[PDB]
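A.B. asks: This is the structure I want to talk about, given as structure tokens.
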Amino acid sequence: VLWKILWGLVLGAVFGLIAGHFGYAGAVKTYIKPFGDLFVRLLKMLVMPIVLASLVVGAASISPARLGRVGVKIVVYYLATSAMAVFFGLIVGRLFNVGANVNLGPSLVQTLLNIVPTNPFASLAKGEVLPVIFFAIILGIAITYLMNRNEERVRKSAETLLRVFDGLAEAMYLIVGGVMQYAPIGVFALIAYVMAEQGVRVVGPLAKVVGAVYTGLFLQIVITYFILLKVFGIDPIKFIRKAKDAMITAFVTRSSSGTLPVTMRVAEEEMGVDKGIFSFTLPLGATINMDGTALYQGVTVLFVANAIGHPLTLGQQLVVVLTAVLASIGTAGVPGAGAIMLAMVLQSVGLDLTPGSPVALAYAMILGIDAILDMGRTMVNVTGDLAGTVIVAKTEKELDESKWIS
Amino acid sequence: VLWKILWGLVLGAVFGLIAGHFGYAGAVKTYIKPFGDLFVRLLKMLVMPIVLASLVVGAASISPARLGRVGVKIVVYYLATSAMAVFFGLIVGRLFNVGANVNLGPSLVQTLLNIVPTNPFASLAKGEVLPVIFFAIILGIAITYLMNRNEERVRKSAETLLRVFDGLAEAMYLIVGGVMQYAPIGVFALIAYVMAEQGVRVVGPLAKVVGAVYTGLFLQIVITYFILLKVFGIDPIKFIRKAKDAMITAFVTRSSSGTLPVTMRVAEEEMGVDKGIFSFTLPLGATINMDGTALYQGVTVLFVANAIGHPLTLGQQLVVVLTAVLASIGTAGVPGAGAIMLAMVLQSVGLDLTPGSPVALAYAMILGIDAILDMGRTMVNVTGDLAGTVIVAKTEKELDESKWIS
Amino acid sequence: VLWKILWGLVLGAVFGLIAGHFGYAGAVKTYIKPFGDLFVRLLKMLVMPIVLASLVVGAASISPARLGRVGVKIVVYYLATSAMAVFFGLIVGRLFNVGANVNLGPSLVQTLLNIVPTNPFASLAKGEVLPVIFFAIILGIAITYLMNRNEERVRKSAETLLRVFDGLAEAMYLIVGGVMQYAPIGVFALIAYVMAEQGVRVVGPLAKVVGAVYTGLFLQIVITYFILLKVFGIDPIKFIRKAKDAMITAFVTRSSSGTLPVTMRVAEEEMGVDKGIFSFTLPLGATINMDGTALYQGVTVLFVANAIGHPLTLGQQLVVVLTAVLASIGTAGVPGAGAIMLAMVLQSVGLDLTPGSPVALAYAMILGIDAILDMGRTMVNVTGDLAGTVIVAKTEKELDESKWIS
Ligand SMILES: CCCCCCCC/C=C/CCCCCCCC(=O)OC[C@H](O)CO
Ligand SMILES: CCCCCCCC/C=C/CCCCCCCC(=O)OC[C@H](O)CO
Ligand SMILES: CCCCCCCC/C=C/CCCCCCCC(=O)OC[C@H](O)CO
């Protein structure tokens, strides 16, 4: 069973390219794509149950103090890694010199308030991850306070509620395992459709864009995550071997949230992270991780700027990327995200997006490879989420070391 | 208490006809109808709790293999009965020669993917039955797998979750029983309003339409269901006696889903079907049963075709009905359904529905008796659902025979 | 810790007036207001969990007969107090002679049906209090019926479900306590923003309107509630001392529903009311209490009538207020409510609300102090809710007397 998913990925990508190159991507859309859509839905089904129950259990299992420390540690991690992602975006974008073709040429306060759900049942029904995180944490904390109270009735009620959440989480993890028996087929179908539709379009300048973007992701992995793991004494090759199922699922599904059941099962079975850490850190990182955004914006912004011949200094590119990143924070992984955010960035600087204009043209070109860019963006984000979770668990002594030894 | 509902039905229907015939149906709308609306809402309240909890419990109570066999058996049953419904629709429509008045004259793939909920809390809040069925089944299965695991903590969590669902289901069935103390009043009020508004309109050609339609339903009952029950060794007269509360409730409420709490209580208390069978088969059949649709479309399509003098061969009528049935699958029982589907069918063949046209006129005439047709459609559908559930339970040895013996 | 909230209120109100008087209310909107919005959201988070679980537990704890008696007692109470509120509205409005400036110059049946939820999960997700009350009551009743049944499996399932709801309620009350450690800051921020924006606008005629309105509220408290408490043998000064946290929270949040977790914790910890009483009476009173509405409409209607010089007899004012009250019943406490209802009342009598008209002008003037009027409206409503809850609990012998004795 082991390694079957990576075969699924490679075979799907080859089939997709061949089918697209020979004209048949339309038939693929009809016949192949539904198996991958099914894989994606099966994983989505589990997100709210597993996230709620796992975080209620985790926040019960852990002291408020330690939970606060885990929060601050993981946020510092995500800041570090997003800073690196901005750097590598600027660097690799300029090295590849993307866009050598020729044309003519603050609301964050309410986002924080919105962290607190006004109706937790509504946030569950609407699939809002961050407020569910908040309610689960507060419920877990309250539950442990009640379970230390003297009156036995209170203790027994709290234990029953906690067991209901524990049972739900357990059932979800089991279902994830079952779905992961299916995962290779889904991965094949998704990468096949993407390759058949947009792979053939990666050529000429856009190939250098895709290469540039993927180079940036590669560096973010092999430099930032590996060095951070080594500094804290984790073998990065063992890490990758254990992360592989989460990484490939992130790649193909293009959703940090949709991979969560898989990422959490990998953190439990493979990484050996305690639920008190990953049940909190992973859903949070799925919504706050800004590495892929910084990389996408840096590269695609440079490509666009060069396509219309607008001069852009390194500092000006940096300020633009940073303001785009600030506008992006809090948004979870969703397909077609960075393209929309890029369109917003272009609009806000006063550029003419009316049909026929050069900028509308460069944007459409990016938009047509956007799926190819999103796969890598999501894969590097989920990778960084697992890395930071493992690191924090280690610093909190919640990492099981036996899993990391051949 | 027993048989009180059937008195409610007959008395309500008489009162409704008299009130309508004498002009007073408007007063009925004001004063009488709310008691029936209340009955309908009280039953609706129970659908999601009882369906979720009953199916979680049932799928826990039964092995995956047996559950698969129950699924395939009940689907084969619904195919058989829909084929018969098409036949009887064509036959009875032509025998009555409906419409002797004179005027001038594929997206199923996404429906299957949509079977899988992406947010089960969302599907519960939105009242989507089929995805709730899916999640409950998978949860039940997962729960039983965990309850056979060695670790006691896992077993105890799973048992607590399963008991929560069992308690909810039990509470729902008790509430159903209480509501069924009220049922005769609700049945009276509903049939009274319907008779007062549209009963008086069943005369002349439309009476032959109503007669024709009701004849088709009658045959579907007394031929298809009775013969199928006898082949498998169930007394059909005992069956009807036990089904009577579900049949009348289906008749008056015009909703397969809204009758579900009653249909399930009848299957438990009267039919003696195990929850492992009916908690699955009945909610599924409420959304996939196509007998009433085939009958409605066959008759009303023939009536319309004759009204505008458009020649329609038996094979052409069959192909039209079949494509309407394919378009209808997956839609649960809802008032005003077949009228909309008929309107779609008329539009798709290129007919002119603009005001004043002959087809708009014939459609309005059907629309005005549509409630009268819907009552029968829903009653025959719920009857067929109970019949197929009982049959499958028998073939699985999950039917308690002591209930069927005087 | 005790009395800290009342300091928060007074200090916030002073800061707000000074900031507004000196121009800086805009900065307040940016910097100060979010802390109060956070307080409001933190309380809102708890409404559905605590209301559901508390009412399931309460209706389990109490017999159906006693629950019916509690219902009828509390409704009679709310009728009495709304009649008094109408009286005091007319009286105080006329005494202050509001509006001495000079210009040119039934659907209740469906509301009752809507009490019954058609999908209780939907009503939880949508935050509909009254249908959640209904489902919780019926669930509690059903649960106690099952727990008296002979079969132990049924008893154990019902007990598990009831314990899940009890644990949730307990966790909510604990969280409320924690939030109430924070309450003074929130109260400060809210009253500060309101004073800075609209306090400065209370001058001249509008000051007499505000005074008039607040006088009416004062009377409703010191006459109706005090006399009713004394008749039944409750010390009204002890009552106020115990109610103070609920009263101030109601004042600042301007939401009966949003204060519910606080009102219920006050009823439990301070008043000593059994959950069987207050878990039902308080959420119901939050949606049906009509005292503030009668007062608001009486005063603002008189002010408007005098501003445009339209002659209004005392009986005509009474009929208008009564029809507005009938239109208002069932609506829970929400900011900006009475202004909308007043606008409806003005429209329905045929007045010209087109821009520039005198009535549009008087309405805009009320609208600009509407927040100042809403604070008092909500505070008097929550006060009356606690008073009636305590009274009913006493008549049912569910009030703990030890809490009322120094
Ligand atoms: C996203 C950045 C991090 C967000 C926040 C951290 C993560 C979530 C909350 C954890 C508990 C934090 C509060 C409880 C722990 C603080 C210390 C404690 O134990 O009690 C505090 C109390 O107010 C006096 O001791
Ligand atoms: C609507 C038509 C029917 C829909 C489908 C049936 C009803 C619902 C599912 C039942 C369990 C089906 C899967 C589990 C049972 C299959 C055999 C089994 O026990 O295990 C399968 C496993 O993959 C190797 O053994
Ligand atoms: C808002 C005005 C009040 C609304 C209604 C009251 C409050 C909610 C319901 C309580 C139980 C009422 C029904 C159960 C109690 C009635 C007597 C009883 O115990 O049983 C009734 C049974 O039908 C023959 O005995």
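As shown in the structure tokens, the chain order sets the letters A, B, ...; within each chain, residues go from 1, and ligands are also counted from 1 in the order they appear.
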Contacts from chain C to chain B, 10 Å maximum, only C-alpha atoms: show me the residue list as a VMD selection string.

C.D. replies: chain C and resid 109 to 110 112 to 126 131 135 138 to 146 153 to 164

A.B. asks: Kindly save the residues from that selection, with N, CA and C atoms included, as a CSV table (one decimal), in the first residue's frame.

C.D. replies:
chain,number,residue,atom,x,y,z
C,109,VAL,N,-51.1,34.5,12.6
C,109,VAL,CA,-51.3,33.0,12.5
C,109,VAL,C,-50.0,32.4,12.0
C,110,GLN,N,-49.4,32.9,11.0
C,110,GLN,CA,-48.2,32.3,10.5
C,110,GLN,C,-47.0,32.5,11.5
C,112,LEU,N,-47.4,32.1,14.7
C,112,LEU,CA,-47.6,31.0,15.6
C,112,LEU,C,-47.2,29.7,15.0
C,113,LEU,N,-47.6,29.5,13.7
C,113,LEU,CA,-47.1,28.2,13.1
C,113,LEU,C,-45.6,28.2,13.0
C,114,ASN,N,-45.0,29.4,12.8
C,114,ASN,CA,-43.5,29.5,12.8
C,114,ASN,C,-42.9,29.3,14.1
C,115,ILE,N,-43.7,29.2,15.2
C,115,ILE,CA,-43.1,28.8,16.5
C,115,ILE,C,-42.5,27.4,16.4
C,116,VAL,N,-43.1,26.5,15.7
C,116,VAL,CA,-42.7,25.1,15.5
C,116,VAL,C,-41.6,25.1,14.4
C,117,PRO,N,-40.4,24.7,14.7
C,117,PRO,CA,-39.3,24.6,13.7
C,117,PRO,C,-39.6,23.4,12.8
C,118,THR,N,-39.4,23.6,11.5
C,118,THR,CA,-39.4,22.5,10.5
C,118,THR,C,-38.1,21.8,10.4
C,119,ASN,N,-37.0,22.4,10.8
C,119,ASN,CA,-35.7,21.7,10.9
C,119,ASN,C,-34.9,22.2,12.1
C,120,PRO,N,-35.0,21.5,13.2
C,120,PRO,CA,-34.4,22.1,14.4
C,120,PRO,C,-32.9,22.4,14.3
C,121,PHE,N,-32.2,21.6,13.5
C,121,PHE,CA,-30.8,21.9,13.2
C,121,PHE,C,-30.7,23.2,12.4
C,122,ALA,N,-31.6,23.5,11.5
C,122,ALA,CA,-31.6,24.8,10.8
C,122,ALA,C,-31.9,25.9,11.8
C,123,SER,N,-32.8,25.7,12.7
C,123,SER,CA,-33.1,26.8,13.7
C,123,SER,C,-31.9,27.1,14.6
C,124,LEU,N,-31.2,26.0,14.9
C,124,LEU,CA,-30.0,26.3,15.7
C,124,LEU,C,-28.9,27.0,14.9
C,125,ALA,N,-28.7,26.6,13.6
C,125,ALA,CA,-27.7,27.3,12.8
C,125,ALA,C,-28.1,28.7,12.5
C,126,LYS,N,-29.4,29.0,12.4
C,126,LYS,CA,-29.9,30.4,12.1
C,126,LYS,C,-30.2,31.2,13.4
C,131,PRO,N,-38.2,28.7,18.3
C,131,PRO,CA,-38.2,27.2,17.8
C,131,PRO,C,-37.2,26.4,18.6
C,135,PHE,N,-38.2,22.9,20.6
C,135,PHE,CA,-37.6,21.6,20.4
C,135,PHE,C,-36.9,21.2,21.7
C,138,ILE,N,-39.7,19.9,24.1
C,138,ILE,CA,-40.2,18.6,23.7
C,138,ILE,C,-39.2,17.5,23.9
C,139,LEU,N,-37.9,17.8,23.6
C,139,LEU,CA,-36.8,16.8,23.8
C,139,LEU,C,-36.7,16.5,25.3
C,140,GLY,N,-36.7,17.5,26.1
C,140,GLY,CA,-36.6,17.3,27.6
C,140,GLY,C,-37.8,16.4,28.1
C,141,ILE,N,-39.0,16.8,27.7
C,141,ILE,CA,-40.2,16.0,28.1
C,141,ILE,C,-40.0,14.5,27.6
C,142,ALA,N,-39.7,14.4,26.3
C,142,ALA,CA,-39.6,13.0,25.8
C,142,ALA,C,-38.5,12.3,26.5
C,143,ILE,N,-37.4,13.0,26.9
C,143,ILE,CA,-36.3,12.3,27.6
C,143,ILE,C,-36.7,11.8,28.9
C,144,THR,N,-37.5,12.6,29.7
C,144,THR,CA,-38.0,12.1,31.0
C,144,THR,C,-39.0,11.0,30.9
C,145,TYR,N,-39.8,11.0,29.8
C,145,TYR,CA,-40.7,9.9,29.6
C,145,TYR,C,-39.9,8.6,29.4
C,146,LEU,N,-38.8,8.7,28.6
C,146,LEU,CA,-38.0,7.5,28.3
C,146,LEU,C,-37.3,7.1,29.5
C,153,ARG,N,-32.0,-0.1,28.4
C,153,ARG,CA,-31.3,0.5,27.2
C,153,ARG,C,-31.8,1.9,26.9
C,154,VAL,N,-33.2,2.0,26.9
C,154,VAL,CA,-33.8,3.3,26.6
C,154,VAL,C,-33.4,4.3,27.7
C,155,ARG,N,-33.4,3.9,28.9
C,155,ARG,CA,-33.1,4.8,30.0
C,155,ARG,C,-31.6,5.3,29.8
C,156,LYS,N,-30.7,4.4,29.5
C,156,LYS,CA,-29.3,4.8,29.4
C,156,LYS,C,-29.0,5.7,28.2
C,157,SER,N,-29.7,5.5,27.1
C,157,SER,CA,-29.6,6.4,26.0
C,157,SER,C,-30.1,7.8,26.3
C,158,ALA,N,-31.3,7.8,26.9
C,158,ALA,CA,-31.8,9.1,27.3
C,158,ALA,C,-30.9,9.8,28.3
C,159,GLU,N,-30.4,9.1,29.3
C,159,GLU,CA,-29.5,9.7,30.2
C,159,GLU,C,-28.2,10.2,29.6
C,160,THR,N,-27.6,9.5,28.6
C,160,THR,CA,-26.5,10.0,27.9
C,160,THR,C,-26.8,11.3,27.2
C,161,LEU,N,-27.9,11.3,26.4
C,161,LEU,CA,-28.3,12.5,25.7
C,161,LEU,C,-28.4,13.7,26.7
C,162,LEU,N,-29.1,13.4,27.8
C,162,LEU,CA,-29.4,14.5,28.8
C,162,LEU,C,-28.1,15.0,29.4
C,163,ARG,N,-27.1,14.1,29.6
C,163,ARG,CA,-25.8,14.5,30.2
C,163,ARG,C,-25.0,15.3,29.2
C,164,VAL,N,-25.1,15.0,27.9
C,164,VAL,CA,-24.5,15.8,26.9
C,164,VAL,C,-25.0,17.2,26.9

A.B. asks: Which residues are close to residue A:95, i.e. within 12 Å by only C-alpha atoms, leaving aside same-chain residues fewer than 3 positions away? Reply as a list in words.

C.D. replies: residues 88, 89, 90, 91, 92, 98, 99, 208, 209, 211, 212, 213, 215, 216, 299, 302 and 303 of chain A

A.B. asks: Could you list, as a VMD selection string, all protein and nucleic acid residues with an atom at most 9 Å from ligand 1, counting only C-alpha atoms and all ligand atoms?

C.D. replies: chain A and resid 59 63 to 76 133 to 134 137 to 138 141 280 to 281 284 288

A.B. asks: Using only C-alpha atoms, determine which residues lie at most 9 Å from residue A:301, disregarding the query and same-chain residues fewer than 5 positions distant; provide the list as a PyMOL selection string.

C.D. replies: chain A and resi 93+296+306+317+320-321+342+346

A.B. asks: Suppose we keep N, CA and C atoms; can you now write the selection as a tab-separated table (two decimals), in the first residue's frame?

C.D. replies:
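Done, and the output landed in selection_31.tsv:
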chain	number	residue	atom	x	y	z
A	93	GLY	N	11.72	35.22	-8.99
A	93	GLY	CA	11.06	35.98	-10.03
A	93	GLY	C	12.05	36.77	-10.86
A	296	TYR	N	3.41	33.31	-4.81
A	296	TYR	CA	2.56	33.55	-5.97
A	296	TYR	C	2.56	35.02	-6.33
A	306	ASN	N	6.55	43.17	-15.92
A	306	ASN	CA	7.43	43.13	-17.08
A	306	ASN	C	6.64	43.06	-18.38
A	317	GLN	N	8.25	46.46	-5.37
A	317	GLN	CA	7.72	45.10	-5.41
A	317	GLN	C	7.50	44.56	-4.00
A	320	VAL	N	4.43	46.17	-2.41
A	320	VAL	CA	3.21	45.65	-3.03
A	320	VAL	C	2.91	44.26	-2.51
A	321	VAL	N	3.92	43.39	-2.49
A	321	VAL	CA	3.72	42.02	-2.03
A	321	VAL	C	3.25	42.03	-0.58
A	342	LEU	N	-4.58	38.85	-6.87
A	342	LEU	CA	-3.78	39.58	-7.84
A	342	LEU	C	-4.64	40.60	-8.58
A	346	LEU	N	-3.95	44.63	-8.68
A	346	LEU	CA	-3.88	45.43	-9.91
A	346	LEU	C	-4.91	46.55	-9.92

A.B. asks: Could you state the separation of atom CA of residue B:55 and atom CA of residue B:278 in Å, given to one decimal place?

C.D. replies: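 Between these atoms lies a distance of 8.5 Å.
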
A.B. asks: Enter the distance from atom CA of residue C:191 to atom CA of residue C:256, in Å, rounded to one decimal.

C.D. replies: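 For atom CA of residue C:191 relative to atom CA of residue C:256, the distance reads 16.6 Å.
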
A.B. asks: Go through chain A and flag each residue having an atom no more than 12 Å from ligand 2; for those, report the closest pair of atoms plus their distance in Å to one decimal, using only C-alpha atoms and all ligand atoms, ordered by chain and rising number, as a tab-separated table.

C.D. replies:
residue	atom	partner	partner_atom_place_in_ligand_line	distance
A:178	CA	ligand 2	23 (O)	9.0
A:179	CA	ligand 2	23 (O)	10.7
A:181	CA	ligand 2	23 (O)	9.5
A:182	CA	ligand 2	23 (O)	10.1

A.B. asks: So that I have them on file, write out the residues from the current selection with N, CA, C and O atoms, as a compact mmCIF listing (two decimals), in the first residue's frame.

C.D. replies:
# COMPACT_ATOMS: atom_id res chain seq x y z
N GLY A 178 -9.79 4.83 5.71
CA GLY A 178 -10.47 4.12 4.64
C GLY A 178 -10.37 4.87 3.33
O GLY A 178 -10.07 4.29 2.28
N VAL A 179 -10.61 6.18 3.37
CA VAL A 179 -10.51 7.00 2.17
C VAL A 179 -9.10 6.91 1.61
O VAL A 179 -8.90 6.91 0.39
N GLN A 181 -7.30 4.44 1.59
CA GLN A 181 -7.18 3.25 0.74
C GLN A 181 -7.49 3.61 -0.71
O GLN A 181 -6.91 3.03 -1.64
N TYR A 182 -8.42 4.55 -0.91
CA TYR A 182 -8.84 5.08 -2.21
C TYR A 182 -7.94 6.17 -2.79
O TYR A 182 -7.99 6.40 -4.01
